[PDB]
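Student: This is coords-v4.txt, which holds compact mmCIF, C-alpha atoms:
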# COMPACT_ATOMS: atom_id res chain seq x y z
CA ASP I 19 49.82 -6.32 13.63
CA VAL I 20 53.29 -6.35 12.08
CA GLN I 21 51.66 -7.08 8.74
CA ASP I 22 49.65 -3.86 8.97
CA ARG I 23 53.02 -2.13 9.26
CA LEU I 24 54.64 -4.07 6.41
CA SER I 25 51.79 -3.24 4.09
CA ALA I 26 51.71 0.46 5.00
CA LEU I 27 55.39 0.61 4.10
CA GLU I 28 55.06 -1.00 0.65
CA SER I 29 52.43 1.66 -0.01
CA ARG I 30 54.69 4.58 0.95
CA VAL I 31 57.69 3.08 -0.85
CA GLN I 32 55.59 2.51 -3.96
CA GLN I 33 54.48 6.14 -4.05
CA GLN I 34 58.04 7.32 -3.51
CA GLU I 35 59.05 4.85 -6.20
CA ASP I 36 56.29 6.32 -8.38
CA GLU I 37 57.17 9.96 -7.76
CA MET I 38 60.76 9.19 -8.80
CA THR I 39 59.83 7.69 -12.17
CA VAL I 40 57.57 10.67 -12.79
CA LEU I 41 60.16 13.20 -11.74
CA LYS I 42 62.74 11.46 -13.94
CA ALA I 43 60.12 11.69 -16.70
CA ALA I 44 59.13 15.32 -16.02
CA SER T 16 63.42 -12.28 17.13
CA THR T 17 60.15 -10.35 17.24
CA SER T 18 62.16 -7.48 18.67
CA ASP T 19 64.39 -7.76 15.59
CA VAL T 20 61.41 -7.55 13.20
CA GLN T 21 60.16 -4.70 15.37
CA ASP T 22 63.54 -2.98 15.14
CA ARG T 23 63.91 -3.61 11.42
CA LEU T 24 60.41 -2.27 10.95
CA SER T 25 60.95 0.95 12.86
CA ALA T 26 64.22 1.62 11.08
CA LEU T 27 62.50 1.19 7.73
CA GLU T 28 59.62 3.54 8.54
CA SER T 29 62.27 6.04 9.62
CA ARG T 30 64.33 5.77 6.43
CA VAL T 31 61.21 5.99 4.25
CA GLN T 32 59.88 9.09 5.98
CA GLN T 33 63.25 10.78 5.54
CA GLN T 34 63.09 9.91 1.83
CA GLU T 35 59.52 11.13 1.67
CA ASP T 36 60.75 14.38 3.14
CA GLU T 37 63.79 14.44 0.85
CA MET T 38 61.37 14.12 -2.07
CA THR T 39 59.00 16.97 -1.21
CA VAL T 40 61.99 19.28 -0.66
CA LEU T 41 63.29 18.57 -4.15
CA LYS T 42 59.86 18.93 -5.74
CA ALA T 43 59.89 22.25 -3.96
CA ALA T 44 63.48 23.09 -4.97
CA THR O 17 56.94 -16.01 8.99
CA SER O 18 59.52 -16.33 6.24
CA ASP O 19 57.20 -14.17 4.15
CA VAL O 20 57.59 -11.61 6.92
CA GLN O 21 61.38 -11.98 6.66
CA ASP O 22 61.17 -11.91 2.85
CA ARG O 23 58.92 -8.86 2.83
CA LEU O 24 61.39 -7.11 5.12
CA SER O 25 64.41 -7.72 2.89
CA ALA O 26 62.51 -6.76 -0.25
CA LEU O 27 61.59 -3.47 1.40
CA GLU O 28 65.11 -2.66 2.64
CA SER O 29 66.26 -3.34 -0.91
CA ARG O 30 63.76 -0.93 -2.49
CA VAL O 31 64.56 1.74 0.08
CA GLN O 32 68.32 1.57 -0.46
CA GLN O 33 67.73 1.66 -4.21
CA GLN O 34 65.42 4.60 -3.61
CA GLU O 35 68.04 6.35 -1.49
CA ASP O 36 70.67 5.68 -4.17
CA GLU O 37 68.47 7.19 -6.88
CA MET O 38 68.11 10.42 -4.83
CA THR O 39 71.83 10.91 -4.12
CA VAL O 40 72.36 10.69 -7.88
CA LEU O 41 69.83 13.47 -8.41
CA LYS O 42 71.12 15.62 -5.51
CA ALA O 43 74.19 15.86 -7.72
CA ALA O 44 72.18 17.46 -10.57
Output the structure of this file as structure tokens.
Tutor:
Amino acid sequence: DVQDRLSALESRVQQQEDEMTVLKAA
Amino acid sequence: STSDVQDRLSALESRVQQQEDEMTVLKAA
Amino acid sequence: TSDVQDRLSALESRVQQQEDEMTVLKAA
């Protein structure tokens, strides 16, 4: 329930975290 | 205290979406 | 349930750090 929500967030944050490293790279 | 988790949750999914949006705008700009 | 509390705080940390990284870039 909540945990579905937690886990969906660490996905979105990870991708945003990923896009940043890439953008800082690019 | 489940309301608090609920509240903390919803505030996080709000902040993250705004960042997600902030990101796409930059990638655009 | 602590894991739930722990997962929360680890997320609000990443997000603030993420927000901080952007404001730095919005400068450039």
Student: Could you name the residues that touch segment 27-43 of chain I at 9 Å or less, counting all atoms listed in the file, but leaving out those on the same chain fewer than 3 positions away, as a PyMOL selection string?
Tutor: (chain I and resi 22-24) or (chain T and resi 24+27-28+31-32+34-35+38+42) or (chain O and resi 27+30-31+34+37-38)
Student: Please, which residues are within 12 Å of (60.0, -13.4, 8.3) by the file's coordinates, counting all atoms listed in the file, and could they come as a compact mmCIF listing (two decimals) with C-alpha atoms, in the coordinates of the input?
Tutor:
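Okay, selection12.txt is ready:
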# COMPACT_ATOMS: atom_id res chain seq x y z
CA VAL I 20 53.29 -6.35 12.08
CA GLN I 21 51.66 -7.08 8.74
CA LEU I 24 54.64 -4.07 6.41
CA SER T 16 63.42 -12.28 17.13
CA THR T 17 60.15 -10.35 17.24
CA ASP T 19 64.39 -7.76 15.59
CA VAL T 20 61.41 -7.55 13.20
CA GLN T 21 60.16 -4.70 15.37
CA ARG T 23 63.91 -3.61 11.42
CA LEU T 24 60.41 -2.27 10.95
CA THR O 17 56.94 -16.01 8.99
CA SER O 18 59.52 -16.33 6.24
CA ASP O 19 57.20 -14.17 4.15
CA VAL O 20 57.59 -11.61 6.92
CA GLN O 21 61.38 -11.98 6.66
CA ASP O 22 61.17 -11.91 2.85
CA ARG O 23 58.92 -8.86 2.83
CA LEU O 24 61.39 -7.11 5.12
CA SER O 25 64.41 -7.72 2.89
CA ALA O 26 62.51 -6.76 -0.25
Student: Just to confirm, what's the straight-line distance from atom CA of residue 29 of chain T to atom CA of residue 44 of chain O in Å (one decimal)?
Tutor: 25.2 Å
Student: Find the distance between atom CA of residue 44 of chain I and atom CA of residue 25 of chain I and write it in Å to one decimal.
Tutor: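 Interatomic distance here is 28.3 Å.
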Student: Could you jot down the atom CA of residue 42 of chain O to atom CA of residue 44 of chain T separation for me, Å, one decimal place?
Tutor: 10.7 Å
Student: For a quick check of understanding, using all atoms listed in the file, which of T:33, T:18, T:25, T:41 has the smallest distance to residue 43 of chain O?
Tutor: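 Answer, going by the shortest atom-to-atom distance: T:41.
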